[PDB]
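One structure is given below, encoded as structure tokens.
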Amino acid sequence: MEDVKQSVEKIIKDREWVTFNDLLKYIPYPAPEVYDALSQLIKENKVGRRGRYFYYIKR
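Numbering (our numbering), first residue to last: 6 to 64.
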């Protein structure tokens, strides 16, 4: 239960590849929140930054 992260990780998993601004359309949480939450999943090798969009890293 990591607040933004729960939504962030889900959307990446659901959409496969999503832009930062795309997250903002589904996530009503301020960008600084989701951005940090994102870097958590990225750190956990779940999400990867691929230019302007983020992809769910294959498991």
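Just so it is clear, CB atoms sit at the ideal spot from N, CA and C, and this is done for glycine as well.
Would you kindly work out how many angstroms separate the C-alpha atoms of residue i and residue j, rounded to a whole number?
i, j, result
"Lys48", "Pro33", "23 angstroms"
"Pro35", "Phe25", "12 angstroms"
"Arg64", "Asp27", "23 angstroms"
"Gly56", "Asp19", "19 angstroms"
"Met6", "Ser12", "10 angstroms"
"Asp8", "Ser44", "14 angstroms"
Using CA coordinates, which residue listed in the options is at the minimum distance from residue i?
i, options, result
"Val23", "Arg64, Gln45 and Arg54", "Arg54"
With DSSP as the reference, label residue i as helix, strand or coil.
i, result
"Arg64", "coil"
"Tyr58", "strand"
Measure the Cβ-Cβ separation of residue i and residue j and say whether it is below 8 angstroms.
i, j, result
"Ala42", "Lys15", "no"
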